[PDB]
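Enquirer: First, the structure itself, so that you have it in front of you.
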Amino acid sequence: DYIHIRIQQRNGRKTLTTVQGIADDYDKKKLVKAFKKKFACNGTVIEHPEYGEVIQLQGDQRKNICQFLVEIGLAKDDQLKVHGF
RNA sequence: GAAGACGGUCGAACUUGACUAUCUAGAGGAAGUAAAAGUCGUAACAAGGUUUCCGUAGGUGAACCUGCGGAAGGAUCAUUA
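If you want it as structure tokens, here you go:
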């Protein structure tokens with residue numbers, strides 16, 4: 029069950045790095061309030077629907093979420109599935 | 001009238017602690033600095049779209065936010081009842 033990410037850049041720079049696999053059971057405040065306060069980027073939590081509850085961090089955060097995912101306790105080091113936007 | 005010699009005084013030096021001053025090694029740790037063309041936010045240059053800033057306290061990814069009392073170096077030297 030790979031925690032998909034997706035990024036989504038609007039402007040030449042207006043980015044949002046989601047987080048798709050974090051079961052809701054997790055601290056709706058940890059996952060992401062551990063992220064923002066980390067590499068330092070605007071996280072959040074939407075119910076995207078082609079996916080089903082994903083975490084928008086703000087940024088092209090695809091080298092970072094390899095890492096903010098070898099890190100805090102949600103999924104696992106093989107689950108890794110990056111298809112940067 | 002010598003060596004020696006009784007006991008003393010000065011007391012170098014030596015051994016061990018204390019004291020004071022000056023200098024200097026150090027795993028690592030945490031500041032500040034440069035600084036600067038990087039990353040994430042917009043905190044307070046045009047009222048910067050939340051006027052700004054001071055003292056102070058708590059709190060926040062991060063710039064910062066907020067209360068309480070100040071200041072204009074403000075966006076009012078005026079208010080015409």
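In full-length UniProt numbering, the protein residues as written are 29 to 113. A virtual CB, placed ideally from N, CA and C, is assigned to each residue, including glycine.
Out of curiosity, what's the CA-to-CA distance linking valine 60 and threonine 72?
Expert: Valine 60 and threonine 72: Cα-Cα distance of roughly 6 Å.
Enquirer: Report the three-state DSSP secondary structure of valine 98 (helix, strand or coil).
Expert: If DSSP states are grouped into helix, strand and coil, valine 98 belongs with coil.
Enquirer: Please confirm whether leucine 102 and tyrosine 54 have their CB atoms less than 9 Å apart.
Expert: Yes, they are a contact pair.
Enquirer: Near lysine 66, what residues of its chain come up, given a Cβ to Cβ distance below 8 Å and the 5 sequence neighbours on each side ignored?
Expert: Excluding residues within five positions, the ones whose Cβ falls inside 8 Å are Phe96.
Enquirer: Which residues in the same chain have their Cβ closer than 8 Å to the Cβ of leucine 108, if we skip the five residues on either side of it in sequence?
Expert: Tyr30, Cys94 and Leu97, listed in sequence order.
Enquirer: Where are the beta strand (DSSP E) runs, 3 residues long or more, that stay fully inside the stretch 30 to 97, in chain order?
Expert: Entirely contained in the stretch 30 to 97, not one beta strand (DSSP E) run reaches 3 residues.
Enquirer: Taking all protein chains shown into account, decide if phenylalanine 63 is buried (16 or more other Cβ within 10 angstroms of its Cβ) or exposed.
Expert: Classification for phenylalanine 63: buried.
Enquirer: Count the other C-beta atoms from every protein chain shown that fall within 10 angstroms of the C-beta of residue 117, then say buried if there are 16 or more, exposed otherwise.
Expert: One cannot answer for residue 117 here, as it falls past the ends of the chain, which runs 29 to 113.
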